[PDB]
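For the sequence shown, the positions run 2 to 311 when the UniProt record's numbering is used. From the three backbone atoms N, C-alpha and C, an ideal C-beta is built for every residue, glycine too.
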Amino acid sequence: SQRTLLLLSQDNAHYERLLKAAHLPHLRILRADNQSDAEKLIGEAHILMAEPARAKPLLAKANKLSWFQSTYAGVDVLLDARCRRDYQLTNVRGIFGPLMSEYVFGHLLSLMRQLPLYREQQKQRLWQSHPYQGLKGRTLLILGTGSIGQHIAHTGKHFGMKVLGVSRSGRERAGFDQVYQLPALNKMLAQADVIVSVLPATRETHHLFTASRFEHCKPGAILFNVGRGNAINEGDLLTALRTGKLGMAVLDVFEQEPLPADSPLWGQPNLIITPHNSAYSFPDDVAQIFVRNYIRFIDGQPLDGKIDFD
Numbered sequence: 002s003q004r005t006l007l008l009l010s011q012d013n014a015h016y017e018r019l020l021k022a023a024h025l026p027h028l029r030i031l032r033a034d035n036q037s038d039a040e041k042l043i044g045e046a047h048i049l050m051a052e053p054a055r056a057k058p059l060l061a062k063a064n065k066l067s068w069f070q071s072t073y074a075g076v077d078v079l080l081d082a083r084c085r086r087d088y089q090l091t092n093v094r095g096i097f098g099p100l101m102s103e104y105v106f107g108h109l110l111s112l113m114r115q116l117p118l119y120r121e122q123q124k125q126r127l128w129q130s131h132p133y134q135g136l137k138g139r140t141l142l143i144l145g146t147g148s149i150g151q152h153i154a155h156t157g158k159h160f161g162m163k164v165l166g167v168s169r170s171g172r173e174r175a176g177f178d179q180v181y182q183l184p185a186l187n188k189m190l191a192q193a194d195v196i197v198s199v200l201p202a203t204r205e206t207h208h209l210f211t212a213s214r215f216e217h218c219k220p221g222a223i224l225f226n227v228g229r230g231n232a233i234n235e236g237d238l239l240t241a242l243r244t245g246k247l248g249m250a251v252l253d254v255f256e257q258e259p260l261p262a263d264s265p266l267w268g269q270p271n272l273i274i275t276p277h278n279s280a281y282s283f284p285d286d287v288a289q290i291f292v293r294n295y296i297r298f299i300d301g302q303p304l305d306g307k308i309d310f311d
């Protein structure tokens with residue numbers, strides 16, 4: 002049917018429904034729900050929509066492939082020097098702001114209002130209130146000023162927080178009271194009640210939250226990492242949490258995922274772990290990205306979310 006799209010996603014059923022509703026002419030839509038079925042089909046696909054980990058073992062067979070739309074923001078497994086680069090790769094961007102605000106502030110208010118304590122008191126039929134504080138006037142520091150950083154910024158300002166951003170990059174962006182740059186980090190950390198790391202993994206962001214020097218910043222601070230495991234040296238985050246250098250940590254991402262059942266991280270009382278699910282790629286929004294990119298693609302125009310292999 003002119004070009005062929007292959008769907009290789011855990012959300013295939015949803016994608017197939019959505020894409021069949023979109024009525025795209027001259028496009029045959031094929032689906033493979035396991036790797037075995039995909040083996041037979043991938044050589045026929047001009048377009049692929051898939052999770053990177055599912056496509057990766059099939060990619061050497063993808064000899065008609067022109068454009069691969071990843072359903073995930075993260076595509077690092079496809080930058081492997083062993084993998085082909087003779088196609089256009091796009092990822093998913095710009096749709097995770099609200100979901101990240103929900104995750105960050107759900108976890109933050111859970112902590113601030115001590116919900117788990119109240120749940121445990123309820124199990125023992127104990128009526129007892131404890132002190133807490135509001136968010137009014139507290140300082141939110143966000144590392145990363147893109148659409149994700151900005152949305153979390155507007156939410157903090159909504160909750161009456163001061164909002165400082167870190168970037169260089171540099172630019173003042175919407176939702177931030179002030180935006181500073183890496184040199185100002187320690188000065189900014191010192192006044193941070195809540196810290197949200199949403200950084201791309203650069204050599205300069207490798208182990209930002211370094212062993213100790215850095216962790217020397219505030220008894221009751223809550224640190225979120227929702228960017229990449231790389232921002233944090235885990236061994237030294239641990240000691241920070243064990244010795245009152247940091248109040249709490251909420252981590253959605255890790256140096257190794259799934260986090261090995263071995264990890265000392267699991268057991269640390271003031272560490273909260275989520276299985277890399279702070280902001281899911283919802284098919285309704287990803288399909289919209291796909292169809293807009295499809296229109297550009299068949300016209301020969303530049304794709305959005307395009308990944309530079311170099």
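{"query": "Euclidean distance between Cα positions of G248 and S67", "result": "49 Å"}
{"query": "Alpha-carbon spacing of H131 relative to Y119, whole angstroms", "result": "9 Å"}
{"query": "Bridge-paired residues (DSSP) for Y181", "result": "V167"}
{"query": "Paired residues, beta bridge with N226 - DSSP", "result": "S198 and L252"}
{"query": "Ranges of the beta strand (DSSP E) found wholly within the stretch 242-307, counting only runs of at least 3", "result": "249-252 and 272-274"}
{"query": "Rounded C-alpha distance that separates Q257 from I43", "result": "29 Å"}
{"query": "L209 versus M50, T5, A154 and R229, residue with shortest Cα-Cα distance", "result": "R229"}
{"query": "Proximity below 7 Å, CB of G98 to CB of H159", "result": "no"}
{"query": "Any 3 or more C-beta pairs closer than 8 Å across the stretch 7-24 and the stretch 273-293", "result": "yes"}
{"query": "Distance, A232 Cα to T203 Cα", "result": "9 Å"}
{"query": "Alpha helix (DSSP H) runs contained entirely in the stretch 36-72, provided each spans 4 or more residues", "result": "36-42 and 53-56"}
{"query": "Stretch pair the stretch 213-228 + the stretch 190-203: three plus CB contacts closer than 8 Å", "result": "yes"}
{"query": "Of the residues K41, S10 and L25, the one placed nearest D34, counting alpha carbons only", "result": "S10"}
{"query": "Cut-off 8 Å between Cβ atoms - residues of its own chain near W267, not counting five sequence neighbours on either side", "result": "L260 and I274"}
{"query": "Residue from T5, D12 and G75 with nearest C-alpha to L90", "result": "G75"}
{"query": "Range covered by the alpha helix (DSSP H) that runs through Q89", "result": "Careful: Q89 lies outside any alpha helix (DSSP H), inside the beta strand (DSSP E) at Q89 to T91."}
{"query": "Beta-bridge partners of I233, as assigned by DSSP", "result": "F210"}
{"query": "As assigned by DSSP and simplified to three states, the class of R4", "result": "strand"}
{"query": "DSSP-derived helix/strand/coil call for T156", "result": "helix"}
{"query": "Integer Cβ distance of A250 from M101, believed to fall under 8 Å", "result": "Rounded, the Cβ-Cβ distance is 17 Å, inconsistent with contact."}
{"query": "Same chain only: Cβ atoms within 6 Å of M162, ignoring 5 sequence neighbours per side", "result": "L136, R139 and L141"}
{"query": "Ordered list of beta strand (DSSP E) runs contained in the stretch 7-37, each at least 3 residues", "result": "28-32"}
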